[PDB]
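Report on the following structure.
FYI the Cβ positions are ideal-geometry reconstructions off the backbone, even for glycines, and counts take in every protein chain you see. Read-outs: derived from the displayed coordinates by stated rules, not from any lab.
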Amino acid sequence: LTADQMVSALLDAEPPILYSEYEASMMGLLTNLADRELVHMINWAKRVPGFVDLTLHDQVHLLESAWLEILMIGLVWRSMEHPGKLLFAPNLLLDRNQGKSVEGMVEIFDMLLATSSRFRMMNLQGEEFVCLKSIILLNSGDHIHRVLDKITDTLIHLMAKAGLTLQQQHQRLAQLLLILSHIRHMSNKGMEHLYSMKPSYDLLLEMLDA
Amino acid sequence: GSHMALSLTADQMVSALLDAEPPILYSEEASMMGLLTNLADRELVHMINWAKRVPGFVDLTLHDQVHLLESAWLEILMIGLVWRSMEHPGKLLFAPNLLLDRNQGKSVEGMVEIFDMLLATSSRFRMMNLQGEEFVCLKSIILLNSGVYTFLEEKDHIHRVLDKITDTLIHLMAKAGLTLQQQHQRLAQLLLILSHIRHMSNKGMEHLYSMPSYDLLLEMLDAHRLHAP
Ligand SMILES: CC(C)(F)CN1[C@@H]2CCC[C@@]1(c1c(F)cc(/C=C/C(=O)O)cc1F)c1[nH]c3ccccc3c1C2
């Protein structure tokens, strides 16, 4: 794949924006939405170049490690145009105060809002976003490393076509990748919260093995 | 005289970071945990001295300095550990007199998973032939990045300093003989390892709460004003 073919393949693989159903009410709605987004995520993963070249075991491990980071990056991306709010769905736009209804949720909401504001301030583009989402999938858990190098080349190509100087290109690449450390942190805090009040192997395996 | 962070050339940045480097300390299942806790506490004191010398860090308010150190202290201890453990495959060089293999971690409940992650990180840095000058840049990035979007002109300042550190990393790779494409690929590889260091710190923090607060760090950062030069 050329950088242009990589971009086209990632944009074409994009999952759809889902709608919510119709504290306890909010948690139920958010859980149901996450479960429905997960099914589309498996189908998206299968279309990421290089992902199907991996063994079923490697595919399962990468998705098991990255699913929350991928849900979170998708959330923060569609929430960019809504300062102070999280656009879980077009019919479920929640502010900080609504996160205070559930114990331990306000901290995660605050981190997601801060990430959305950073992407807004950076003017993150759709083509950069799909590259970042693919990196999260391949990195969160030699061929994988060669594919990651190809995504970096693709990110640079996008910035060069956008008219950034050679210096601006490395500075922007670094700024984008550093936010991935923040997304990892949020996923770890989210996973901790899930185990405090407790998406299965069968779900991933049935969809990954036809 | 005093160089402002944004005025530094790549060479001045490297010299400032190398000069700020903390020393390698010596060590003093219950005995093992005590030794590692005591070592971490002693490394923390040197870490405050190091942080104060990281260009741009003293331009921040005392409250912002504490917020950054509170978020980054374990990532900084971990990156230091993985760096000095590079020349020792299968072992973690906590101190020259405390070199531990993964089997030793098995003596403490939940410790093996963290040791395995630290060992994997050390092997990745060895395979990439991480240089001392790149390492100091990475440690500085961890400090300035780990708490920025966890708290306009002051936030922009941190981001401008981070850009200066990236420019420094690129300069080092360019002088090492890497093509422009190879520089971008190496930079990306290194920054992706930072997401793994964040992961390890989160898992490490979780283990601590199962078994350095804002107040403790605030007092240590403030007490630095009283130390002799
Ligand atoms: C997982 C955790 C603790 F970080 C909270 N999450 C973040 C905040 C909103 C609730 C949600 C969440 C979840 F991601 C998963 C579950 C799962 C339950 C079960 O399996 O029983 C329950 C949640 F509340 C969730 N929902 C989403 C939908 C679209 C896009 C993003 C999200 C997120 C991010």
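Answer yes if at least one residue in the range A:45-53 is away from chain B (no Cβ under 14 Å), away from the ligand (no atom under 12 Å from the Cβ), among the acidic types (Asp, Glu) and over 16 Å from A:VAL130 (Cβ atoms), and no otherwise. Scanning the range A:45-53, I find at least one residue that is away from chain B (no Cβ under 14 Å), away from the ligand (no atom under 12 Å from the Cβ), among the acidic types (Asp, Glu) and over 16 Å from A:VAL130 (Cβ atoms), so the answer is yes.
All but one of (1) part of a helix (DSSP H, G or I); (2) exposed (fewer than 15 other Cβ atoms within 10 Å of the Cβ) hold for B:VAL14; state the number of the condition that does not hold. Here B:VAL14 clears every test but (2).
Being of a type in the set (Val, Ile, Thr), farther than 22 Å from A:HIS193 by Cα and buried (at least 18 other Cβ atoms within 10 Å of the Cβ) is a condition met by no residue of the range A:17-25. Considering only the range B:93-109, I want to know if a residue exists there that is closer than 21 Å to B:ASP163 by Cβ and β-branched (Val, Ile, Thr). No. Residues in the range B:77-105 that are in a strand (DSSP E or B) and crowded, with 19+ Cβ neighbours inside 10 Å: B:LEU92, B:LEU93, B:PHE94, B:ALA95, B:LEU100. The set of residues in the range A:128-172 that are surrounded by fewer than 19 Cβ atoms within 10 Å (Cβ to Cβ) and either polar (S, T, N, Q) or closer than 17 Å to A:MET80 by Cβ (or both) comprises A:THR165, A:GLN167, A:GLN168.
Exactly one residue among A:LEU180, A:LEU158 is under 25 Å from B:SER146 (Cβ atoms), more than 16 Å from the ligand (Cβ to nearest atom) and part of a helix (DSSP H, G or I), and that residue is A:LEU180.
Among residues of the range A:185-208 that are more than 14 Å from chain B (Cβ to nearest Cβ) and closer than 15 Å to A:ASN43 by Cβ, those with a beta-carbon under 9 Å from a residue that is assigned to a helix (DSSP H, G or I) and near the ligand (Cβ under 9 Å from one of its atoms) at least six positions away or on a different chain give the pairs A:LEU203/A:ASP35; A:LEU203/A:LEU38; A:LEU204/A:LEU38; A:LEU204/A:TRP67. For the range A:105-147, a residue qualifies if it is of a type in the set (D, E, K, R) and within 17 Å of A:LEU158 (Cα to Cα), and the qualifying residues are A:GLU127, A:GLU128, A:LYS133. In the range A:161-177, which residue that is among the small types (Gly, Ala, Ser) and more than 7 Å from chain B (Cβ to nearest Cβ) is farthest from the ligand (Cβ to nearest atom)? By that ranking, first place goes to A:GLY163. Within the range A:65-97, the set of residues being of a type in the set (D, E, K, R), more than 16 Å from A:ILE17 (Cα to Cα) and out of contact with any helix residue (DSSP H, G or I) (no Cβ under 7 Å at 6 or more places or on another chain) comprises A:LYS85, A:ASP95. Taking every residue in the range A:156-177 that is farther than 20 Å from A:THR2 by Cα and pairing it with any residue that is of a type in the set (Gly, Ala, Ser) and surrounded by 14 or more Cβ atoms within 10 Å (Cβ to Cβ), at least 6 positions away or on another chain, the pairs with Cβ-Cβ distances below 7 Å are A:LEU177/B:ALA188.
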